[PDB]
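Visitor: Coordinates in query02.cif, mmCIF, C-alpha atoms and all ligand atoms, are listed below.
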data_start
loop_
_atom_site.group_PDB
_atom_site.id
_atom_site.type_symbol
_atom_site.label_atom_id
_atom_site.label_comp_id
_atom_site.auth_asym_id
_atom_site.auth_seq_id
_atom_site.Cartn_x
_atom_site.Cartn_y
_atom_site.Cartn_z
ATOM 1 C CA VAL Q 3 129.739 -29.229 60.883
ATOM 2 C CA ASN Q 4 127.867 -27.724 57.925
ATOM 3 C CA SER Q 5 128.427 -24.913 55.418
ATOM 4 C CA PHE Q 6 125.834 -22.471 56.799
ATOM 5 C CA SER Q 7 127.716 -19.243 57.519
ATOM 6 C CA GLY Q 8 126.976 -16.001 59.337
ATOM 7 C CA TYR Q 9 124.054 -17.256 61.435
ATOM 8 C CA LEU Q 10 123.248 -16.113 64.945
ATOM 9 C CA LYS Q 11 122.596 -19.056 67.275
ATOM 10 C CA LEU Q 12 119.273 -18.705 69.090
ATOM 11 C CA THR Q 13 119.067 -22.117 70.785
ATOM 12 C CA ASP Q 14 120.695 -25.536 70.700
ATOM 13 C CA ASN Q 15 119.114 -26.205 67.289
ATOM 14 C CA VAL Q 16 117.764 -22.917 65.830
ATOM 15 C CA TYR Q 17 119.901 -20.400 63.923
ATOM 16 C CA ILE Q 18 118.897 -17.152 62.181
ATOM 17 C CA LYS Q 19 120.314 -14.813 59.530
ATOM 18 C CA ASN Q 20 119.230 -11.736 57.584
ATOM 19 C CA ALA Q 21 119.344 -13.234 54.104
ATOM 20 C CA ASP Q 22 117.455 -13.857 50.880
ATOM 21 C CA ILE Q 23 116.494 -17.541 51.066
ATOM 22 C CA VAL Q 24 116.903 -17.810 47.279
ATOM 23 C CA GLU Q 25 120.504 -16.593 47.454
ATOM 24 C CA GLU Q 26 121.197 -18.686 50.563
ATOM 25 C CA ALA Q 27 119.924 -21.829 48.845
ATOM 26 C CA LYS Q 28 121.936 -21.174 45.678
ATOM 27 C CA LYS Q 29 125.111 -20.751 47.753
ATOM 28 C CA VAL Q 30 124.658 -23.585 50.251
ATOM 29 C CA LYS Q 31 122.710 -26.119 48.144
ATOM 30 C CA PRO Q 32 121.192 -27.560 51.335
ATOM 31 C CA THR Q 33 119.696 -31.014 51.520
ATOM 32 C CA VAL Q 34 116.315 -29.394 52.272
ATOM 33 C CA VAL Q 35 114.959 -25.924 51.547
ATOM 34 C CA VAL Q 36 111.515 -25.173 52.963
ATOM 35 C CA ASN Q 37 108.941 -23.403 50.813
ATOM 36 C CA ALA Q 38 106.156 -21.273 52.298
ATOM 37 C CA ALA Q 39 103.540 -23.117 50.254
ATOM 38 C CA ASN Q 40 99.772 -22.959 49.955
ATOM 39 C CA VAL Q 41 97.521 -26.015 49.662
ATOM 40 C CA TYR Q 42 97.353 -25.723 45.856
ATOM 41 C CA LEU Q 43 101.140 -25.353 45.462
ATOM 42 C CA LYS Q 44 100.473 -22.174 43.462
ATOM 43 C CA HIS Q 45 103.789 -20.380 43.887
ATOM 44 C CA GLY Q 46 102.711 -16.875 42.996
ATOM 45 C CA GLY Q 47 104.372 -14.555 45.479
ATOM 46 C CA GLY Q 48 106.239 -14.208 48.723
ATOM 47 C CA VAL Q 49 108.870 -16.854 49.374
ATOM 48 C CA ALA Q 50 107.133 -19.341 47.073
ATOM 49 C CA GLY Q 51 107.034 -16.976 44.120
ATOM 50 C CA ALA Q 52 110.710 -16.152 44.620
ATOM 51 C CA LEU Q 53 111.831 -19.782 44.935
ATOM 52 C CA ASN Q 54 109.788 -20.793 41.907
ATOM 53 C CA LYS Q 55 111.152 -17.905 39.816
ATOM 54 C CA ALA Q 56 114.687 -19.012 40.700
ATOM 55 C CA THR Q 57 113.869 -22.484 39.275
ATOM 56 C CA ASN Q 58 112.702 -20.950 35.972
ATOM 57 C CA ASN Q 59 109.148 -22.216 36.787
ATOM 58 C CA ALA Q 60 110.276 -25.865 37.054
ATOM 59 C CA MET Q 61 109.006 -25.932 40.646
ATOM 60 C CA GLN Q 62 105.541 -24.893 39.436
ATOM 61 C CA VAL Q 63 105.504 -27.499 36.646
ATOM 62 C CA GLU Q 64 106.424 -30.261 39.097
ATOM 63 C CA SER Q 65 103.889 -28.953 41.623
ATOM 64 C CA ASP Q 66 101.039 -28.919 39.098
ATOM 65 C CA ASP Q 67 101.670 -32.594 38.358
ATOM 66 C CA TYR Q 68 101.762 -33.340 42.103
ATOM 67 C CA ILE Q 69 98.370 -31.673 42.649
ATOM 68 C CA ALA Q 70 96.813 -33.320 39.594
ATOM 69 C CA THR Q 71 97.774 -36.709 41.063
ATOM 70 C CA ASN Q 72 97.279 -36.163 44.800
ATOM 71 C CA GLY Q 73 94.957 -33.204 45.290
ATOM 72 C CA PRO Q 74 95.621 -30.281 47.618
ATOM 73 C CA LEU Q 75 97.678 -30.405 50.770
ATOM 74 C CA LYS Q 76 96.189 -29.770 54.208
ATOM 75 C CA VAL Q 77 96.831 -26.533 56.069
ATOM 76 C CA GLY Q 78 99.571 -27.598 58.467
ATOM 77 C CA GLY Q 79 100.744 -30.303 56.054
ATOM 78 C CA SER Q 80 103.649 -30.740 53.679
ATOM 79 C CA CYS Q 81 105.093 -32.678 50.794
ATOM 80 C CA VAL Q 82 108.649 -33.363 49.647
ATOM 81 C CA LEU Q 83 109.435 -32.481 46.030
ATOM 82 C CA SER Q 84 112.596 -31.724 44.087
ATOM 83 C CA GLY Q 85 114.824 -28.868 45.143
ATOM 84 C CA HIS Q 86 115.708 -28.226 41.480
ATOM 85 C CA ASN Q 87 118.776 -25.938 41.249
ATOM 86 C CA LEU Q 88 118.332 -24.707 44.842
ATOM 87 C CA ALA Q 89 118.613 -27.798 47.068
ATOM 88 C CA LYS Q 90 118.384 -31.565 46.914
ATOM 89 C CA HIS Q 91 114.767 -31.457 48.127
ATOM 90 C CA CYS Q 92 112.116 -28.827 48.700
ATOM 91 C CA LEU Q 93 109.824 -29.376 51.677
ATOM 92 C CA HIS Q 94 106.636 -27.508 50.766
ATOM 93 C CA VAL Q 95 104.996 -26.619 54.103
ATOM 94 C CA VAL Q 96 101.584 -24.958 54.413
ATOM 95 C CA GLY Q 97 101.348 -22.609 57.356
ATOM 96 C CA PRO Q 98 97.982 -21.009 58.105
ATOM 97 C CA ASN Q 99 97.259 -17.852 56.112
ATOM 98 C CA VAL Q 100 95.741 -15.270 58.452
ATOM 99 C CA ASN Q 101 94.516 -13.317 55.424
ATOM 100 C CA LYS Q 102 92.321 -16.379 54.705
ATOM 101 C CA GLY Q 103 91.094 -16.677 58.307
ATOM 102 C CA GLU Q 104 92.981 -19.912 58.973
ATOM 103 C CA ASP Q 105 93.561 -21.123 62.527
ATOM 104 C CA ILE Q 106 96.913 -19.894 63.844
ATOM 105 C CA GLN Q 107 97.054 -22.973 66.092
ATOM 106 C CA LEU Q 108 97.866 -24.872 62.887
ATOM 107 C CA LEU Q 109 101.251 -23.124 62.871
ATOM 108 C CA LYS Q 110 102.618 -25.668 65.353
ATOM 109 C CA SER Q 111 101.428 -28.544 63.153
ATOM 110 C CA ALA Q 112 103.142 -26.881 60.185
ATOM 111 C CA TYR Q 113 106.469 -26.651 62.019
ATOM 112 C CA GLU Q 114 106.223 -30.304 63.121
ATOM 113 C CA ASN Q 115 106.938 -31.248 59.493
ATOM 114 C CA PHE Q 116 110.481 -29.921 59.970
ATOM 115 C CA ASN Q 117 111.220 -32.686 62.500
ATOM 116 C CA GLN Q 118 111.272 -35.259 59.684
ATOM 117 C CA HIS Q 119 114.521 -33.704 58.373
ATOM 118 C CA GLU Q 120 117.809 -33.485 60.244
ATOM 119 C CA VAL Q 121 118.846 -30.094 58.782
ATOM 120 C CA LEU Q 122 116.787 -27.472 56.913
ATOM 121 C CA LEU Q 123 117.053 -23.988 55.445
ATOM 122 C CA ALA Q 124 113.698 -22.316 56.031
ATOM 123 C CA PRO Q 125 111.691 -19.100 56.204
ATOM 124 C CA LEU Q 126 109.475 -18.221 59.141
ATOM 125 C CA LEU Q 127 106.191 -20.006 58.478
ATOM 126 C CA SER Q 128 103.051 -17.893 58.108
ATOM 127 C CA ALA Q 129 105.125 -14.672 58.051
ATOM 128 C CA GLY Q 130 105.167 -12.155 55.217
ATOM 129 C CA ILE Q 131 102.084 -12.287 53.010
ATOM 130 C CA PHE Q 132 100.614 -15.101 55.136
ATOM 131 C CA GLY Q 133 99.794 -12.433 57.716
ATOM 132 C CA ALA Q 134 100.974 -13.891 61.028
ATOM 133 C CA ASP Q 135 103.178 -12.131 63.563
ATOM 134 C CA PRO Q 136 106.776 -13.194 62.752
ATOM 135 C CA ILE Q 137 107.767 -12.899 66.424
ATOM 136 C CA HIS Q 138 105.099 -15.489 67.214
ATOM 137 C CA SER Q 139 106.234 -17.683 64.329
ATOM 138 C CA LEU Q 140 109.803 -17.688 65.657
ATOM 139 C CA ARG Q 141 108.550 -18.640 69.130
ATOM 140 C CA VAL Q 142 106.546 -21.561 67.735
ATOM 141 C CA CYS Q 143 109.545 -22.637 65.654
ATOM 142 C CA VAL Q 144 111.877 -22.709 68.658
ATOM 143 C CA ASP Q 145 109.303 -24.544 70.792
ATOM 144 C CA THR Q 146 108.385 -27.114 68.100
ATOM 145 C CA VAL Q 147 111.358 -27.887 65.855
ATOM 146 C CA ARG Q 148 113.944 -30.215 67.383
ATOM 147 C CA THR Q 149 116.057 -30.746 64.266
ATOM 148 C CA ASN Q 150 118.627 -28.215 63.055
ATOM 149 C CA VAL Q 151 116.929 -25.257 61.370
ATOM 150 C CA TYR Q 152 118.630 -22.313 59.660
ATOM 151 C CA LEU Q 153 116.134 -19.466 59.319
ATOM 152 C CA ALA Q 154 116.532 -16.864 56.579
ATOM 153 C CA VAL Q 155 114.775 -13.539 57.212
ATOM 154 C CA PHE Q 156 114.650 -11.292 54.138
ATOM 155 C CA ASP Q 157 113.841 -7.993 55.869
ATOM 156 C CA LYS Q 158 116.747 -6.494 57.826
ATOM 157 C CA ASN Q 159 114.490 -4.402 60.060
ATOM 158 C CA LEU Q 160 112.447 -7.500 60.910
ATOM 159 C CA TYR Q 161 115.576 -9.578 61.523
ATOM 160 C CA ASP Q 162 116.847 -7.030 64.050
ATOM 161 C CA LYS Q 163 113.470 -6.966 65.809
ATOM 162 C CA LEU Q 164 113.339 -10.775 65.981
ATOM 163 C CA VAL Q 165 116.809 -10.971 67.528
ATOM 164 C CA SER Q 166 116.348 -8.081 69.952
ATOM 165 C CA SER Q 167 113.000 -9.389 71.230
ATOM 166 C CA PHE Q 168 113.983 -13.064 71.450
ATOM 167 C CA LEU Q 169 113.519 -14.596 74.883
HETATM 168 N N1 LIG F 201 122.662 -32.343 56.687
HETATM 169 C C1 LIG F 201 123.003 -31.252 55.885
HETATM 170 N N2 LIG F 201 122.386 -30.936 54.721
HETATM 171 N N3 LIG F 201 122.853 -29.852 54.091
HETATM 172 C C2 LIG F 201 123.869 -29.149 54.615
HETATM 173 S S1 LIG F 201 124.583 -27.696 53.889
HETATM 174 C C3 LIG F 201 125.254 -27.949 52.168
HETATM 175 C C4 LIG F 201 126.659 -28.599 52.150
HETATM 176 N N4 LIG F 201 126.731 -29.773 53.147
HETATM 177 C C5 LIG F 201 127.351 -29.658 54.341
HETATM 178 O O1 LIG F 201 127.936 -28.659 54.822
HETATM 179 O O2 LIG F 201 127.258 -30.863 55.026
HETATM 180 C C6 LIG F 201 126.534 -31.734 54.165
HETATM 181 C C7 LIG F 201 126.138 -33.077 54.327
HETATM 182 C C8 LIG F 201 125.407 -33.676 53.255
HETATM 183 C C9 LIG F 201 125.088 -32.960 52.077
HETATM 184 C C10 LIG F 201 125.490 -31.627 51.938
HETATM 185 C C11 LIG F 201 126.207 -31.016 52.970
HETATM 186 S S2 LIG F 201 124.320 -29.999 56.173
#
What would the structure in this file look like if it were written as structure tokens?
Ligand SMILES: Nc1nnc(SCCn2c(=O)oc3ccccc32)s1
Guide:
Amino acid sequence: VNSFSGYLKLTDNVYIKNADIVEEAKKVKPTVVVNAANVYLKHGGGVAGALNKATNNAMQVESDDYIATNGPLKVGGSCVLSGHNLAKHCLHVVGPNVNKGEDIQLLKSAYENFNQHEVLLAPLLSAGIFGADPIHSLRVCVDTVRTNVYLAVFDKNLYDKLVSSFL
């Protein structure tokens, strides 16, 4: 039993809700919130910009130190950093950005990072400003993640389309 509320159950382990991931994280304080990161951990917009803004830029400050020490992530890769005021940990996961021409096959590799955590609050990887089809992202999520994932979808119209088209 966990404190995630109002989710529709898609499969044994995947749940979905129309919600602002920032507000969901502040309410639930999950062990892990997933960020839709880029390789430079530059949290300018989309989910990343919103999460970072909610931390009063502390996420960006921590991320800049991480990059200065370790260099960029790989597309499909991840790192665990602080969750600040939103969660215990933030799993920064880099899905491919279609608007950069990155290989959509890397989306499965990106979702594999979720399997290192028993429970996560997450957005759909590569959706939004990353340019991929969110219906495809949900399919890859369901077929790749085996741990318990609670997906927050900001756009109500998109949420309804994802549910109604889910096989
Ligand atoms: N594995 C999980 N992580 N985060 C959640 S949600 C937030 C509240 N919370 C809960 O309901 O169960 C919990 C177990 C440990 C820590 C927090 C818990 S479940």
Visitor: Hey, which residues sit close to ligand LIG 201 (chain F)? Say within 7 Å, counting only C-alpha atoms and all ligand atoms, and write them as a ChimeraX atom specification.
Guide: /Q:3-6,30-34,120-122
Visitor: Find, counting only C-alpha atoms, the residue in Q:75, Q:36, Q:89, Q:143 that gets nearest to residue 15 in chain Q.
Guide: Q:143
Visitor: Could you list, as a list in words, every residue within 8 Å of range 109-111 of chain Q, counting only C-alpha atoms and ignoring same-chain residues fewer than 5 positions away?
Guide: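 The residues satisfying every condition are residues 78, 79, 97, 98, 127, 128, 139, 142, 143 and 146 of chain Q.
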Visitor: Around (115.6, -19.2, 40.3), as given in the file, which residues come within 9 Å? Count only C-alpha atoms and list them as an NGL selection string.
Guide: :Q and (24 or 28 or 52-59 or 87-88)
Visitor: Can you spit out the residues from that selection as a PDB file, in the frame of the given file, using C-alpha atoms?
Guide:
ATOM      1  CA  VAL Q  24     116.903 -17.810  47.279  1.00  0.00           C
ATOM      2  CA  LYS Q  28     121.936 -21.174  45.678  1.00  0.00           C
ATOM      3  CA  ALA Q  52     110.710 -16.152  44.620  1.00  0.00           C
ATOM      4  CA  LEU Q  53     111.831 -19.782  44.935  1.00  0.00           C
ATOM      5  CA  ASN Q  54     109.788 -20.793  41.907  1.00  0.00           C
ATOM      6  CA  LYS Q  55     111.152 -17.905  39.816  1.00  0.00           C
ATOM      7  CA  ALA Q  56     114.687 -19.012  40.700  1.00  0.00           C
ATOM      8  CA  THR Q  57     113.869 -22.484  39.275  1.00  0.00           C
ATOM      9  CA  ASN Q  58     112.702 -20.950  35.972  1.00  0.00           C
ATOM     10  CA  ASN Q  59     109.148 -22.216  36.787  1.00  0.00           C
ATOM     11  CA  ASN Q  87     118.776 -25.938  41.249  1.00  0.00           C
ATOM     12  CA  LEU Q  88     118.332 -24.707  44.842  1.00  0.00           C
TER      13      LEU Q  88
END
Visitor: Where does the PyMOL selection byres (((chain Q and resi 119) around 12) and not hetatm) land in this file, that is, which residues does it pick, as a list in words?
Guide: residues 32, 33, 34, 35, 36, 82, 91, 92, 93, 113, 114, 115, 116, 117, 118, 120, 121, 122, 123, 124, 147, 148, 149, 150 and 151 of chain Q
Visitor: Include C-alpha atoms and write out the residues we just selected as a compact mmCIF listing (two decimals), in the frame of the given file.
Guide:
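Saved file part-v7.txt follows:
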# COMPACT_ATOMS: atom_id res chain seq x y z
CA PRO Q 32 121.19 -27.56 51.34
CA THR Q 33 119.70 -31.01 51.52
CA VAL Q 34 116.32 -29.39 52.27
CA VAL Q 35 114.96 -25.92 51.55
CA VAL Q 36 111.52 -25.17 52.96
CA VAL Q 82 108.65 -33.36 49.65
CA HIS Q 91 114.77 -31.46 48.13
CA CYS Q 92 112.12 -28.83 48.70
CA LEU Q 93 109.82 -29.38 51.68
CA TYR Q 113 106.47 -26.65 62.02
CA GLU Q 114 106.22 -30.30 63.12
CA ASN Q 115 106.94 -31.25 59.49
CA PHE Q 116 110.48 -29.92 59.97
CA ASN Q 117 111.22 -32.69 62.50
CA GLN Q 118 111.27 -35.26 59.68
CA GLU Q 120 117.81 -33.48 60.24
CA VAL Q 121 118.85 -30.09 58.78
CA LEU Q 122 116.79 -27.47 56.91
CA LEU Q 123 117.05 -23.99 55.44
CA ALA Q 124 113.70 -22.32 56.03
CA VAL Q 147 111.36 -27.89 65.86
CA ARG Q 148 113.94 -30.22 67.38
CA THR Q 149 116.06 -30.75 64.27
CA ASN Q 150 118.63 -28.22 63.06
CA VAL Q 151 116.93 -25.26 61.37
Visitor: Would you kindly place N, CA, C and O atoms on range 59-81 of chain Q and return the model as a compact mmCIF listing (two decimals), in the frame of the given file?
Guide:
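Saved the output as selection.txt:
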# COMPACT_ATOMS: atom_id res chain seq x y z
N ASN Q 59 110.50 -21.65 36.79
CA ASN Q 59 109.15 -22.22 36.79
C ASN Q 59 109.13 -23.75 36.84
O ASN Q 59 108.05 -24.34 36.80
N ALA Q 60 110.29 -24.41 36.95
CA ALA Q 60 110.28 -25.86 37.05
C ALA Q 60 109.58 -26.33 38.33
O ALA Q 60 108.91 -27.37 38.33
N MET Q 61 109.72 -25.59 39.42
CA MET Q 61 109.01 -25.93 40.65
C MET Q 61 107.50 -25.95 40.42
O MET Q 61 106.80 -26.86 40.87
N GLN Q 62 106.98 -24.94 39.70
CA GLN Q 62 105.54 -24.89 39.44
C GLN Q 62 105.09 -26.06 38.56
O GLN Q 62 104.03 -26.65 38.81
N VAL Q 63 105.87 -26.39 37.53
CA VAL Q 63 105.50 -27.50 36.65
C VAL Q 63 105.42 -28.80 37.44
O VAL Q 63 104.45 -29.57 37.32
N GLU Q 64 106.43 -29.06 38.27
CA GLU Q 64 106.42 -30.26 39.10
C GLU Q 64 105.25 -30.25 40.07
O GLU Q 64 104.61 -31.28 40.30
N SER Q 65 104.97 -29.08 40.65
CA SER Q 65 103.89 -28.95 41.62
C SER Q 65 102.53 -29.20 40.99
O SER Q 65 101.65 -29.81 41.61
N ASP Q 66 102.32 -28.72 39.76
CA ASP Q 66 101.04 -28.92 39.10
C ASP Q 66 100.78 -30.40 38.86
O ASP Q 66 99.65 -30.88 39.01
N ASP Q 67 101.82 -31.15 38.50
CA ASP Q 67 101.67 -32.59 38.36
C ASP Q 67 101.37 -33.25 39.70
O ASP Q 67 100.54 -34.16 39.79
N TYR Q 68 102.04 -32.80 40.77
CA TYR Q 68 101.76 -33.34 42.10
C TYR Q 68 100.29 -33.16 42.48
O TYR Q 68 99.65 -34.09 42.98
N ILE Q 69 99.76 -31.95 42.28
CA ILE Q 69 98.37 -31.67 42.65
C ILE Q 69 97.40 -32.46 41.77
O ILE Q 69 96.38 -32.97 42.25
N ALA Q 70 97.69 -32.56 40.47
CA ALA Q 70 96.81 -33.32 39.59
C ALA Q 70 96.70 -34.77 40.05
O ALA Q 70 95.64 -35.39 39.91
N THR Q 71 97.78 -35.32 40.61
CA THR Q 71 97.77 -36.71 41.06
C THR Q 71 97.18 -36.87 42.45
O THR Q 71 96.42 -37.82 42.70
N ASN Q 72 97.52 -35.96 43.38
CA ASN Q 72 97.28 -36.16 44.80
C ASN Q 72 96.23 -35.25 45.40
O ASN Q 72 95.78 -35.52 46.53
N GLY Q 73 95.83 -34.19 44.71
CA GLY Q 73 94.96 -33.20 45.29
C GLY Q 73 95.70 -32.28 46.23
O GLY Q 73 96.90 -32.42 46.47
N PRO Q 74 94.98 -31.30 46.78
CA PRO Q 74 95.62 -30.28 47.62
C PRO Q 74 96.18 -30.85 48.91
O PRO Q 74 95.73 -31.86 49.45
N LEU Q 75 97.19 -30.15 49.43
CA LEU Q 75 97.68 -30.40 50.77
C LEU Q 75 96.65 -29.93 51.80
O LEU Q 75 95.67 -29.26 51.48
N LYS Q 76 96.90 -30.31 53.05
CA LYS Q 76 96.19 -29.77 54.21
C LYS Q 76 96.93 -28.55 54.74
O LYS Q 76 98.16 -28.49 54.70
N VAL Q 77 96.19 -27.58 55.27
CA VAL Q 77 96.83 -26.53 56.07
C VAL Q 77 97.48 -27.19 57.27
O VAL Q 77 96.84 -27.96 58.00
N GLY Q 78 98.77 -26.91 57.49
CA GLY Q 78 99.57 -27.60 58.47
C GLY Q 78 100.35 -28.77 57.91
O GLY Q 78 101.19 -29.33 58.64
N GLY Q 79 100.10 -29.16 56.66
CA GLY Q 79 100.74 -30.30 56.05
C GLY Q 79 101.91 -29.92 55.15
O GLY Q 79 102.30 -28.75 55.06
N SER Q 80 102.46 -30.93 54.49
CA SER Q 80 103.65 -30.74 53.68
C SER Q 80 103.77 -31.85 52.65
O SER Q 80 103.12 -32.90 52.75
N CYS Q 81 104.63 -31.62 51.67
CA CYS Q 81 105.09 -32.68 50.79
C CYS Q 81 106.54 -32.39 50.42
O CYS Q 81 106.98 -31.24 50.43
